[PDB]
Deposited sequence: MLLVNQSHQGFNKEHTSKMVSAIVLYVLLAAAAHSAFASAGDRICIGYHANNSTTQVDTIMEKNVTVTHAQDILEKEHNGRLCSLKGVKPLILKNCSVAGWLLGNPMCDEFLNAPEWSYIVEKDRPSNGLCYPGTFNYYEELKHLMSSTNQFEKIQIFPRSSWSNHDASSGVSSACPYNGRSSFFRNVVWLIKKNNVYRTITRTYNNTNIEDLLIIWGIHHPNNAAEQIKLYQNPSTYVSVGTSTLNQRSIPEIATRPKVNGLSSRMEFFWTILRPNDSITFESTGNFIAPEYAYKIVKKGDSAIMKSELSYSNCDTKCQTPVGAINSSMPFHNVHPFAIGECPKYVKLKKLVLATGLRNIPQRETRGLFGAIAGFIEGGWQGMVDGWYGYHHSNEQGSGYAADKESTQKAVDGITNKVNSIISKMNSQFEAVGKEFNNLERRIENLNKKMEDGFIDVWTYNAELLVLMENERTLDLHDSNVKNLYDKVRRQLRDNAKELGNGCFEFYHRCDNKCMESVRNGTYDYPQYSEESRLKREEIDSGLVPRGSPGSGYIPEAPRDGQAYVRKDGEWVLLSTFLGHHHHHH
């Protein structure tokens, strides 16, 4: 009899962590940091709903393809949702210059206010109502983009247009016009009389003469003619003037950029649901509680950081061991109010008291190390949506290499952080147990025999009063020194 042991926590847990050295090492306590689930819905962003384009494309919406709903209310939006291949684009076929730049401008835009600038009924000198085509049905009749006017000769005359708009607003105006490319010479005269036409646009920044390119082309949604659209931003106190002798597709409405800020054009097939998040991905939404996730790289909002991994587990507590009679042999399921502690074994004592002078000091630096690593990735790379046309392959791939490039880097960083500080977390516990022992060993010196398993046996009488002497760094050799010098002489001369 008359013993004392130094040991560590153990418990029912089976959570598993990894290090540089070892795979799958069971631990008392561990915290997962990788979000891997999503809700498959398309939610609003902290109260603010997305602009859902339905089966339409940004060009369809802006130009007002008869198939796409105007947004009469002038709403703000948190992001824009476009299908992967929308069906309602340029219903009348053609091209839309610097389209992918316009889309990129939408990503920093949060609210438009549509405003009339040239009212459709103000083109006295031309036919403002025959410009419709079979390619643009609204309710089965022939129609046309709501937001632009296809001007056509009135009375076999086409008087040269010169018209101007002064932008008297505080905001930037986004303005869109177009020019018509007929398929033969006979049709050019049929529509605009003058055989040779142009479309001129002037602002202080932009000067452009546009000319009708007549070619023989396949049928797209029915026609072989084409229509090419342009666009520009008109700054406040600047004016724009158009002049043409034909082929001019004039704007009726402009778009007040009224709210800039964080936004995005997400490509997704989903539709809206009565729901809200702090983090949206194209395939659903994320419970942004954990610091990392692997659901999708193109997440927007207040999001955890994306890493290409399948799990990522911090270690916070000991390894998990029975495990009897001191630390050399494992940990004590019977310790519960700490991680490292002791075991009494006295004339009166039972055992199992914890040294939270070093257990709090360890839960101290552990949960302080824990989100100091979470915060050291606050600067991590968050990817951003961009699009490129068929003649921009090189930089599309430059952009791809760049975004995958950083994601691989930050993934490497994330993993190496966990593996390394895992190994240092466990290496800490051991040294903590191992110093508990020593704090006892350098108190009880002569008066006890090191038993080689992690316990000491007393060359004196202990009492419970004094077994707090050793826990508290209190025990003093002299007051039990003589009683021990006695008995060790007697084992020396025992049986």
Counting from 1 along the deposited sequence, give me every gap where there's no C-alpha, start to finish.
1-40, 362-370, 545-586
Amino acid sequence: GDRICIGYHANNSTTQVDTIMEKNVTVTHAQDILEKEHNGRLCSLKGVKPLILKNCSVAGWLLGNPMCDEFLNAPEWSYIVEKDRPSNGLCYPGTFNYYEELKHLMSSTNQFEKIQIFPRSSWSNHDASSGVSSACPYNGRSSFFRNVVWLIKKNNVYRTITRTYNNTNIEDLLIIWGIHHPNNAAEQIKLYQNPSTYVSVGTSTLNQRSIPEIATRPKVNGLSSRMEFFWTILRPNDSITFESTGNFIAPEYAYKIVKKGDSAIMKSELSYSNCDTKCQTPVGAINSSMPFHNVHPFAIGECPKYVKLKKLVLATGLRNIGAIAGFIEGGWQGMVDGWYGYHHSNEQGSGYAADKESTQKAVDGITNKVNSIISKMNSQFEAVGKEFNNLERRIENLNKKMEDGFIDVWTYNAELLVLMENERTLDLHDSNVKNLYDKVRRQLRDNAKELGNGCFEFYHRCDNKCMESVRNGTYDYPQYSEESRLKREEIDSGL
From here on, numbers count along this sequence of modelled residues.
So, looking at the entry's B-factor column for Cα atoms, which has the higher mean, 251-259 or 189-197?
189-197
So, looking at the entry's B-factor column for Cα atoms, which has the higher mean, 364-372 or 122-130?
364-372
Given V58, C68, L428, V470, the residue at which the Cα B factor reaches its maximum
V470
From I324, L105, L173, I286, can you pick the one with the highest C-alpha B factor in the entry?
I324
Hey, what third does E423 fall into on Cα B-factor, ranked over its chain?
middle
Would you check the entry's CA temperature factor for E357 and let me know if it's in the chain's lowest, middle or highest third?
highest
Report the third (lowest, middle or highest) to which the CA temperature factor of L63 belongs, ranking only the modelled residues of the same chain.
lowest
Using the B-factor values recorded in the entry, state whether the Cα atom of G94 falls in the lowest, middle or highest third among the modelled residues of its chain.
middle
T164: C-alpha B-factor third of its chain, per the entry, is the middle
